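Asks: Before I ask anything, here is the structure I am working with.
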Amino acid sequence: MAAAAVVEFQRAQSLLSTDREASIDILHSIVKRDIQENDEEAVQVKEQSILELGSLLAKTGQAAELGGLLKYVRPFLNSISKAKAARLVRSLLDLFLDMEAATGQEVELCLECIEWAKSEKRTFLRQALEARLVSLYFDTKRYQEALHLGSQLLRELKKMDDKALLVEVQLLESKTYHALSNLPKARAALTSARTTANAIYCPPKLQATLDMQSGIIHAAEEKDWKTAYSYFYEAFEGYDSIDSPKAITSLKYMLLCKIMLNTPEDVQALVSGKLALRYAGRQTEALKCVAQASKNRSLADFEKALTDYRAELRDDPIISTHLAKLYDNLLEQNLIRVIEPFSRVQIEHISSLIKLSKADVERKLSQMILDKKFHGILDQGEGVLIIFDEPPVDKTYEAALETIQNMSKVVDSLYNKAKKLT
Amino acid sequence: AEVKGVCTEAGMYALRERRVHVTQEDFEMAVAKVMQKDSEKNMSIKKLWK
Amino acid sequence: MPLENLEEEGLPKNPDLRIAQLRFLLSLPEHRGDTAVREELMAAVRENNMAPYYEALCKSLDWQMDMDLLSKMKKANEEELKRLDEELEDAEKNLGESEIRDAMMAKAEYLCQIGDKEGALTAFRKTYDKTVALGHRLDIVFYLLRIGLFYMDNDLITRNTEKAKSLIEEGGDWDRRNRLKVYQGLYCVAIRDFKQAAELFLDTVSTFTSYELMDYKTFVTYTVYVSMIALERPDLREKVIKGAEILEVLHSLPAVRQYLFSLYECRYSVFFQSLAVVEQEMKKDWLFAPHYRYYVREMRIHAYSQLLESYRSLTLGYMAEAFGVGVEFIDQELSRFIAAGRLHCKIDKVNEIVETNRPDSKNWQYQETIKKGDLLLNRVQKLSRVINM
Amino acid sequence: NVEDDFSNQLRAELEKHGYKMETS
């Protein structure tokens, strides 16, 4: 049939050369073909056919018509009805992630798939699809939908099976958990994933995912920077080959560990050539500008980098969370130095020293009183910040308070037995 | 001892999770971990056989 | 799962948008065969119309009963009645433990549907009594509890939740624990202790995966309204806003999410109009509260607290605009609130300072010590008096 | 006696929307 010749090949070319209009008539021949008719010989033609379809899809130039074509991948997979169908899937998943065929159509196609997978084919094929579904939902920021699906799979089997592909679902689940800011459920999941990983048995794409997740948990959450970074270096090198969007993230993350550690030396070295230049985008400069801002002790420099760079910063949920934690800490460190005399320091003198703007400082201080992240009070009626000085003993009141509460419990017991007298 | 070990091991994973109770996901993982380790220690005709 | 029914009841309680929910409420007894029972659930709704039925009026907004609702009820009791008798007969044949308790539950359902509330409660006790595993005993308490929660009669709810919680470690009925967590939070909202509800709900989401009980997502949304009402910002900040629960769901949260965002931004005009929004969408959507007056006092006092906590001085205009509530109103509430000392403030209206005595100072620690301390003297005197003669 | 706050509920929600414009 078609696998990289005739109808499918003609379509590939048609997207690239002409227009989308041209591709439509062609695609109808390919959908029809996939349904029960397939290349059943595992002597080249077959792996090429699913693959060639994966290249048309994730070509991309995406539009609704192409989404419809994506829905067909599943009958093409069903028709094969062999062991070889599973290997084909694993290979296929990366093309989709780098470049979507369309976000809305793909999530739905995957949810359908899982049912089919559990039944007819092997758990090797089942594990692989779930990793696509979970990654897909995560970018959509339906953080719950992704976790719910992944967890459904784990729950059905773990009785004696682990596999490299099964770990990958769990790596992607950890990533979703890191973005919410929850380490426990992620840490439990990390363990199972690293254990099968120790002995390599995987293509470069799985290795990089295992390295990147181990790194996010170790960097921000557990707080060992040496441990986080080391995994990131491997993750980049693995990511760069098969992937595009993934590789971008991993390089920024490399810079991120070292920014928190607050050494400039490492950040600068990492920015520079390992394979870094190609994936290095506008965000290398966001990460670089924030490092200088922490170092220098300027809060103002930081706010600015966030605003300008924001779309890219926001898109990967993990990055945003990390950047946010970095922001709350910077803000607290810088304040302590200016405030320190106590008394009635004017909001304006501190503002100048701190390296902040007038509008920004007022707001930051306002949040802080409530949080009690400096233990002062802000006076908006006079336009001064007062910091609470040490007062005379609270101790006297507290000991009285404690004694009187214990006696009140006792009184309640004391009365009941007394009832007997009268 | 192996069955005692599966129940106990399950409870340990659930704490990590931030739970106070086991789930299915932990219970099944425990079974695997105790039995494979036993089969690894006990066998030694398996080197590239069965 | 029947938690939807409680959401139907609640919205009419405050008289605002009642109309649509009234109809939806009416449909649930047809299914069940609950005609009589409905009048009892109606009581909980109080401070609005709920009186019209096929056996009553048709004038007010609350929906008429169908001819069909009545007929279905006749069917259901006949069928229940038939099951009970049938279940016993099967019990003689085989094992005593499981089969007999199932029979007593049939009897309780039958009495509970016709409307013999007292009768249902004596039967329900029977169920509890009969020798089966502790795990199975729990399953039977959860149905009555939900029914109890509906009427919002305090006594029924206390009993079930309290025994249910004991059993968990002793039996080892950890699997049941999941339904139970949610059930503990329902109890907790149901008394006028929104304080308990705020700590309870937040825990409930993390330990819950699934085991025969309402969705994960629904709880998170509900967690936010309890969390805010009871908790002040440093507690709130750690728990929900940094915590997992709220972020994962994302969508369906805007009323509540607007509250948290505004509170972070710390522009009080924005926080106050979102207080009102979360009150209308979320807070009124609960029937819960044995005196509604407590719910209203706590939402106003919390929002007020945040504004006053941040600043030792404010000008009157900033404070007054931020609340958005009247001079008459602000004053009227303020007199009640100050006594408590959660606010601990005073208004210099003629120079235009809103001063705060500080609820973190010596003046505060004193207010509590004295208040407790004086009442203790009166008490030593009452105890002392009994003892001498 | 009975809390004036209840009566205040209906009145307070509505006030908020108008008030912010009316007065600074």
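Every chain in the structure tokens has a letter given in the order shown (A, B, ...), and although residue numbers restart at 1 in each chain, ligands are simply numbered from 1 in the order shown.
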Give me, as a tab-separated table, each residue of chain B that comes within 10 Å of chain C, together with its shortest interatomic pair and the distance in Å at one decimal, counting only C-alpha atoms, with rows ordered by chain and rising residue number.
Replies:
```
residue	atom	partner	partner_atom	distance
B:14	CA	C:207	CA	9.9
B:17	CA	C:206	CA	9.2
B:18	CA	C:206	CA	7.5
B:19	CA	C:207	CA	5.5
B:20	CA	C:207	CA	7.2
B:21	CA	C:174	CA	6.3
B:22	CA	C:174	CA	7.7
B:23	CA	C:175	CA	8.0
B:24	CA	C:175	CA	9.9
```
Asks: One decimal, Å: what's the distance from atom CA of residue A:340 over to atom CA of residue A:390, could you say?
Replies: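 Answer for the atom CA of residue A:340 to atom CA of residue A:390 separation: 12.9 Å.
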Asks: Compute the chain C side of the contact with chain A at 9 Å, counting only C-alpha atoms, and hand it back as a PyMOL selection string.
Replies: chain C and resi 217+232-235+237+242-251+263-267+306+309-315+352-354+361-362+365-366+368-370+372-373+376+379-380+382-383+386-387+389
Asks: Would you pick out the contacts of residue C:55 at 10 Å or less, using only C-alpha atoms, so that residues sharing its chain but fewer than 2 positions from it are not included, and give the list as a PyMOL selection string?
Replies: chain C and resi 35-36+51-53+57-58+64-67+70
Asks: If I take atom CA of residue A:195 and atom CA of residue A:125, how far is one from the other in Å, to one decimal?
Replies: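 Taking atom CA of residue A:195 and atom CA of residue A:125, their separation equals 20.7 Å.
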